[PDB]
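K.L.:
Before I ask anything, here is the structure I am working with.
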Amino acid sequence: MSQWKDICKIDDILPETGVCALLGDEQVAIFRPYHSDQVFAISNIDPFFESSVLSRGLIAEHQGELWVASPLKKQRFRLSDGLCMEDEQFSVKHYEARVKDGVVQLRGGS
């Protein structure tokens with residue numbers, strides 16, 4: 001069972017930028033961390049500290065991996081899957097994101 005919900009065209013999401021989408025009641029943070037068709041989706045809200053939007057953060061590398069840093073504090077979420085370096089005990093919600101016909105689609109409910 002997979003609900004690939006159309007969000008928007010990838011043209012709307014600027015190079016290395018993150019935006020918030022809605023998968024039912026799930027606020028998903030769609031991060032396009034490159035210029036290519038490579039996009040990743042995680043929870044736009046964290047459950048520990050509670051940052052209402054993680055899409056209000058800057059993408060920065062470390063270890064050769066892409067981390068989104070929330071300027072609210074020092075929260076860094078690894079975009080590869082969803083390893084928050086602060087939450088690495090539990091790890092955050094990850095959704096699958098694909099660029100279909102230039103349109104960003106999210107799959108969840110796994």
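Lettering and numbering for the structure tokens are positional, with chains as A, B, ... in the shown order, residues counted from 1 in each chain, and ligands counted from 1 in the shown order.
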For residue 110 in chain A, list every protein, DNA or RNA residue within 12 Å, evaluated using only C-alpha atoms, and leave out those in the same chain fewer than 4 positions away; present the list as a list in words.

P.N.:
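Final neighbour list, sorted by chain and number: residues 1, 2, 3, 4, 93, 94, 95, 96 and 106 of chain A.
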
K.L.:
Quick one: residues within 10 Å of residue 86 in chain A, only C-alpha atoms counted, chain neighbours fewer than 2 positions away excluded, as a ChimeraX atom specification?

P.N.:
/A:48,74-77,83-84,88-91

K.L.:
What does the file look like for those residues with C-alpha atoms, as a CSV table (one decimal), in the first residue's frame?

P.N.:
```csv
chain,number,residue,atom,x,y,z
A,48,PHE,CA,12.0,15.9,21.4
A,74,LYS,CA,21.9,23.1,17.0
A,75,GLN,CA,19.6,20.3,15.7
A,76,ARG,CA,21.1,18.5,12.7
A,77,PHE,CA,19.0,16.0,10.7
A,83,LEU,CA,19.4,10.4,11.4
A,84,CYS,CA,19.2,13.4,13.7
A,88,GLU,CA,20.2,9.1,17.0
A,89,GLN,CA,18.8,6.8,19.6
A,90,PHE,CA,15.4,6.8,18.0
A,91,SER,CA,15.7,8.6,14.6
```

K.L.:
Counting only C-alpha atoms, what are the residues of range 64-99 of chain A within 12 Å of range 7-22 of chain A, and for each of them which pair of atoms is the nearest and at what distance in Å, to one decimal? Sort the table by chain and rising number, as a tab-separated table.

P.N.:
```
residue	atom	partner	partner_atom	distance
A:66	CA	A:16	CA	10.3
A:67	CA	A:16	CA	11.2
A:68	CA	A:18	CA	9.1
A:69	CA	A:18	CA	11.3
A:70	CA	A:18	CA	11.5
A:79	CA	A:18	CA	10.7
A:95	CA	A:21	CA	11.3
A:97	CA	A:7	CA	10.0
A:98	CA	A:10	CA	9.8
A:99	CA	A:10	CA	7.1
```

K.L.:
Just write the chosen residues, N, CA and C atoms, as an mmCIF file, in the first residue's frame.

P.N.:
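Output below, filename again28.cif:
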```cif
data_model
loop_
_atom_site.group_PDB
_atom_site.id
_atom_site.type_symbol
_atom_site.label_atom_id
_atom_site.label_comp_id
_atom_site.auth_asym_id
_atom_site.auth_seq_id
_atom_site.Cartn_x
_atom_site.Cartn_y
_atom_site.Cartn_z
ATOM 1 N N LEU A 66 24.663 14.890 4.229
ATOM 2 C CA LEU A 66 23.925 16.139 4.217
ATOM 3 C C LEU A 66 23.074 16.267 5.468
ATOM 4 N N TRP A 67 23.348 17.300 6.245
ATOM 5 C CA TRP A 67 22.624 17.546 7.478
ATOM 6 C C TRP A 67 21.891 18.874 7.390
ATOM 7 N N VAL A 68 20.635 18.896 7.794
ATOM 8 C CA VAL A 68 19.910 20.149 7.873
ATOM 9 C C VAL A 68 19.966 20.673 9.304
ATOM 10 N N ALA A 69 20.530 21.859 9.461
ATOM 11 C CA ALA A 69 20.729 22.440 10.775
ATOM 12 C C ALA A 69 19.658 23.473 11.074
ATOM 13 N N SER A 70 18.940 23.261 12.163
ATOM 14 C CA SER A 70 17.906 24.186 12.589
ATOM 15 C C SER A 70 18.515 25.297 13.444
ATOM 16 N N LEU A 79 19.796 13.967 6.062
ATOM 17 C CA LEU A 79 18.748 13.880 5.046
ATOM 18 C C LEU A 79 18.750 12.541 4.314
ATOM 19 N N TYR A 95 10.052 9.702 5.013
ATOM 20 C CA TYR A 95 9.122 9.426 3.929
ATOM 21 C C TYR A 95 9.892 9.336 2.624
ATOM 22 N N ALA A 97 10.534 10.162 -1.249
ATOM 23 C CA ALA A 97 10.230 11.251 -2.160
ATOM 24 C C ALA A 97 10.817 10.984 -3.538
ATOM 25 N N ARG A 98 9.994 11.126 -4.565
ATOM 26 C CA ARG A 98 10.451 10.920 -5.930
ATOM 27 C C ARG A 98 10.010 12.079 -6.812
ATOM 28 N N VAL A 99 10.782 12.343 -7.854
ATOM 29 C CA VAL A 99 10.425 13.362 -8.827
ATOM 30 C C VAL A 99 9.803 12.713 -10.059
#
```

K.L.:
DSSP on the backbone, then: every residue of range 10-45 of chain A marked strand (DSSP E), written as number ranges by chain.

P.N.:
A: 17-23, 26-32, 40-43

K.L.:
Let me make sure I understand: among A:64, A:73, A:80, A:109, which one has the smallest atom-to-atom distance to residue 38 in chain A if we use only C-alpha atoms?

P.N.:
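Smallest distance to residue 38 in chain A is found for A:80.
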
K.L.:
What's the separation between CA of residue 60 in chain A and CA of residue 101 in chain A, in Å to one decimal place?

P.N.:
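For CA of residue 60 in chain A relative to CA of residue 101 in chain A, the distance reads 28.0 Å.
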